[PDB]
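This document contains two forms of one protein chain, each encoded as structure tokens and listed individually as structure 1 and structure 2.
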Structure 1
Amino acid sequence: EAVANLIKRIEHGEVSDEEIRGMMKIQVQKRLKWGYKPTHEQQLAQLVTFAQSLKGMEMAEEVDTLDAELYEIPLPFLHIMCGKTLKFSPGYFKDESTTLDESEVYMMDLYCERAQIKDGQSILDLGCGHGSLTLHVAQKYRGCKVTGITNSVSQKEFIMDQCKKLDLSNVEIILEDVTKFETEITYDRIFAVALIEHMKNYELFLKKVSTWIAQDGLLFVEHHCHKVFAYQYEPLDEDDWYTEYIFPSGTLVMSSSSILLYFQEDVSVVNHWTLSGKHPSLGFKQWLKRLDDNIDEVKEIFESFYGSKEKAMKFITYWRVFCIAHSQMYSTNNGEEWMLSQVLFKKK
């Protein structure tokens, strides 16, 4: 296949933004045609069969050490592309004039409302990133004790540095792989925002997390999804550049909006909401605009960090393609195909 040569033309910056958008529209139509079935009997069977298949998998992929480059993101680059809180997950846009910074805070206040956060609670933020929600909650609720968990040394350093600058004493960051983490502490409220996208066996994941929920505590999960069907990211045909270009070697899963309803052995659902794909679509447009508005500094950051002009171009191109393609994907059919699912769980 000449997928390899198309990918090399992408990596050298030879493929226009509109061509990328058009390529993604084709990929979207292929995936929708693959996933939709003529009868509900078949549609449901496909989802239940998929859910059952996850129950025999590992909780998550062991990331190859050689693929560290695909996971570490330079902080100066995130300061440019992301909003002020470095949220690595969608914002909430009240309209198309909402700013990226506003969208981050709007969404995090929505999390606090839907997760029923109250001052004084113990809070666990699983996969806390650069601390957008951990620091949001810790600043808002000075009586809360907030614990964040991340497997990234540089993320933990950044958050503890922010705690110093913001004079917060109510934040702890644990450096651990959440899939191996052993604790007997229970928490009043647990957040798992954009963490499920790293997992495969949701059953094993939620079993482990359920042991960390206190009596009468709650677990709030946000996952991006397709409205109807779930799938592993595998090439649809011999022409599939998307799966090869965007994702690392290991196999990951696109959830559906209902799939966690089938994983209620150890937690049970209190509430379940969705938000339109328009919100992530707008977010990725703002990420791309910020990248382009600061392209000279982005180049200097990546040339410095990655060690050559060629490899820098490859990674700048990757992030631009990622924003372009996923802005297009989430926009599909006025935001009613790919979207966001939020689930509130109680223990047992």
Structure 2
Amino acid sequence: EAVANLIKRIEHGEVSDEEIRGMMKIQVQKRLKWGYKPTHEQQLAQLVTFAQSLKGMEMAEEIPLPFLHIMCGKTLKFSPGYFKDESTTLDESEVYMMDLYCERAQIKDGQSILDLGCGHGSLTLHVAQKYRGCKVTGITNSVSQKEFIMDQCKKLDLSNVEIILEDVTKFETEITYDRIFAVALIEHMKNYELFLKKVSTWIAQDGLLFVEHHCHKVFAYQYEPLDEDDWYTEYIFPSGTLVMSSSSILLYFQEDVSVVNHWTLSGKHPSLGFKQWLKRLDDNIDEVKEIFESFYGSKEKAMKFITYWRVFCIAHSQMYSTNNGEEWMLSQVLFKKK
């Protein structure tokens, strides 16, 4: 009704960025009041019941490279950076975070490395160049992502990268790997039990699996609108029904792997990154328009996608900033095979 009509106003510029923030603040408080319970007994039961529900699901149920070069940092990382102090640039945050992944996943030169859902190869190429004795295998289901990475290997003279074009949920191999990364991938999964069971078979003897997931600190939820006045949910997530995990949810999925270590990082880090994405978009908006008009085939369709990404950045920067980054945040889990 108005949920369709309010959007078009935003796309015309009738809604300022601060009004967008004010709207998402309303969305945030409704989600938080929905998720929190007055007793720990109820709060825990809500989580366990949610985790059990994922076990009755399937394991799981496009963006122009020139645009990603503008919005994302130099490594095209499609996942948060680590900000030491916001003199930290977007480019610096990508490297800081990937070195943190390497430290926490206990990467050693010479190991075989598997990067599941490698995207445009930020971590695949980071590890391959930093540890030249490693063999790094990335898996992506995107032809253009694989082609970009293989082209980077040429420009960078890398001989130790292989990219496999597959659906991770259907992939099968007899090969095992010393280290497996899944950075911002379980966000696209539903039955974590089946996902971790399959991945576990790929872990070599004494190997490790490192997972980073966006989450809320306490509770988990499917992206379903909260009431009639909720537009964010189906605007940002039009199709499918994905899951926002909680920081502790993977602790309940240790049938085939066991937790070695578990960390969280404050929502400040993803918030600062989304702010940088928006700034880069805005500072180059004319070039963004030409890229999108060429790819999407018209001015109006180009500006709908531009509005999407701006709202995406503004809304998620507000969400992750909530209460000094102590609501939505990042969870990193290190697993060994079990």
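Please note that residue numbering is based on structure 1, beginning with 1 at the start of its sequence. We call the rigid core whatever largest set of C-alpha positions still superposes within 1.5 Å between the two forms. Residues that one form lacks are left out of the comparison.
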| item | value |
| --- | --- |
| Answer among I324, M339, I10, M23 for the CA shift between structures 1 and 2 that reaches 2 Å or more, rigid core superposed | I10 |
| Inter-form CA displacement between structures 1 and 2 at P248 - rigid core frame, Å | 3.2 |
| After superposing on the core, C-alpha shift for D239 between structures 1 and 2 in angstrom | 1.3 |
| Cα displacement of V137 between structures 1 and 2, once the rigid core is superposed (Å) | 0.1 |
| Consecutive-residue runs (3+) with Cα displacement of 2 Å or more between structures 1 and 2, core aligned | 7-15 |
